[PDB]
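**Student:** starting from these lines, generate the structure:
(one chain, ligands or ions: 1)
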Amino acid sequence: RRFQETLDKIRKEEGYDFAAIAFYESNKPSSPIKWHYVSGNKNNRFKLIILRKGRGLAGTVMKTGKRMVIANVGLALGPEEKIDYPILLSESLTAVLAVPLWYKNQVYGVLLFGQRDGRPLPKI
Ligand SMILES: [Cl-]
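**Tutor:** Residues are numbered from 1 along each chain as shown. Shown next is the protein structure:
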């Protein structure tokens, strides 16, 4: 599809190990947010991630409408506090960049880029 092919292209061209897109699961008022599309994923455990608004990497970006950058997960977060950003755990991400996706001044999704094994973030 359009989203999948765009996702694989940007991830490869930007020199990232992983990429994902989160959206609200449904139209329902108390709908959770979930990682819907992935590129460079090691497993399908990202599908176990259920985020309420304001929770996880996707929920935080969705709520604020502001990018989130973690240049070094090991320095920025305690190993125990990683459960608050579950994609970091299922995908063993060591650095992340998460940006809001906008449509007509409204955030509809979260685009995430991640590095593994201590590979630094390329220029943002
Ligand atoms: Cl997450």
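**Student:** tell me how far residue 28 lies from the ion.
**Tutor:** Using Cβ to the ion, to the nearest Å, one obtains 20 Å as the distance from residue 28 to the ion. In this view, the C-beta of every residue, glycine as well, is placed from N, C-alpha and C.
**Student:** is it true that that residue lies in a strand?
**Tutor:** No. Counting by DSSP: H, G, I helix; E, B strand; the rest coil, residue 28 is located in no strand; its state is coil.
**Student:** what residues are up against it?
**Tutor:** Listed by Cβ atoms under 8 Å, 6 or more residues apart in numbering, residue 28 has no contact partners.
**Student:** what's the answer for residue 49, then?
**Tutor:** Residues near residue 49 by Cβ under 8 Å, 6+ apart: 34, 35, 56, 86, 87, 90.
**Student:** of those residues, which is the nearest to residue 120?
**Tutor:** The shortest separation between residue 120 and any of the contacts of residue 49 is 18.7 Å, and it belongs to residue 87 (by Cβ to Cβ).
**Student:** report the contact partners of that closest one.
**Tutor:** The contact partners of residue 87, by Cβ under 8 Å, 6+ apart, come to 20, 35, 46, 49, 56, 57, 58, 93, 112, 114.
**Student:** and this structure, which residues reach the ion?
**Tutor:** For the chain, the residues found near the ion under the criterion Cβ under 5 Å from the ion are 56, 57, 85, 86, 87.
**Student:** what do you get if the cut-off is 8 Å, keeping everything else the same?
**Tutor:** Near the ion, the residues belonging to the chain are 22, 35, 49, 51, 56-59, 85-88, 112 when assessed by Cβ under 8 Å from the ion.
**Student:** now secondary structure and distance to residue 74 too, for those, in CSV please.
**Tutor:** Written out in CSV, the entries for the residues of the chain next to the ion read as follows (DSSP: H, G, I helix; E, B strand; the rest coil; distance: Cβ to Cβ, whole Å):
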residue, secondary structure, distance to residue 74
22, strand, 23
35, strand, 22
49, coil, 21
51, strand, 23
56, helix, 19
57, helix, 16
58, helix, 21
59, helix, 22
85, coil, 13
86, helix, 17
87, helix, 16
88, helix, 10
112, strand, 18
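**Student:** including distance to residue 70, could the residues you listed go into CSV?
**Tutor:** Written out in CSV, the entries for the residues of the chain next to the ion read as follows (distance: Cβ to Cβ, whole Å):
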residue, distance to residue 70
22, 16
35, 16
49, 17
51, 16
56, 13
57, 9
58, 14
59, 15
85, 8
86, 14
87, 11
88, 8
112, 11
